[PDB]
């Protein structure tokens, strides 16, 4: 099982931390608590953190709701509408958000075998110490919805209330409110090697109110996560050499290294939103010692 990377342009891929396509590449610094929980999978196919395979289920919630008299609280159900098990060895239900911000979306429901259905705007602060997904409960500050009926929360974007103030992007939430620290987390990440920086995969979370910081950097495209999980190819070395080619010219644009552990680094310093040809895609060339110095970018 040869090791491989998917043949997909950044635009043909999807963000692994919010259900939306990728938009571009960006490498940068240093003073950051960097440990996204979704979009975490070893190059050999071992999913970690709260990462699951579907891009459409990232940041969604299913369950039941009980409205507080004159917000609403949701009793978490399994992604498949089944029972939720606080036991399983994960930081929280797979797909759960891995940063702090007020995610606004829609709550849809269907009043069982009768037919009626209904939906209302709703937001949910992953900062609200009542954001207890691990415990199996989460409350939304709706815009109003029976009890006993399957309520779904479909995510749509983030908001604000000062500027760029929010989203905490790299601010991990507390899956178990007061009750305790997050468990079974995914290793924090950061470029160790000299001068190298992390090569992220950017997208822009739809703003729905205020002046929120809409950037959303993930370390792996969802299909990459899907590919390694499928292929489950062995990591003949710590680092795998990748070349970003241009299908048209047939000329390498630049290189980067995919570390078996699951992240991407680029031999470059300082901020800079990469500029690539829309047809650009990544291609694995070979494994290398963690010492292989990279041709800059």
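Residue numbers count along the first chain shown, from 1.
- Unmodelled residues of the deposited sequence between residue 83 and residue 84: none, the chain being continuous.
- According to the record, 1 to 3 deposited residues between residue 70 and residue 71 are left without atomic coordinates.
- The stretch with the higher mean CA B factor, choosing between 182-190 and 88-96, is 182-190.
- Note on 37-45 vs 238-246: mean CA B-factor is higher in 238-246.
- When the Cα B-factors of 79, 203, 110, 104 are read from the PDB record, 110 comes out highest.
- Annotation for 222, 215, 132, 147: 147 ranks highest, by Cα B-factor.
- Annotation for residue 64: CA B-factor lies in the highest third of the chain's modelled residues.
- Annotation for residue 32: CA B-factor lies in the highest third of the chain's modelled residues.
- In this PDB entry, residue 153 carries a Cα temperature factor that places it within the lowest third of its chain's modelled residues.
- Residue 294: CA B factor in the highest third of modelled residues in this chain (values from the PDB entry).
- Among all modelled residues in its chain, residue 226 ranks in the lowest third by Cα B-factor.
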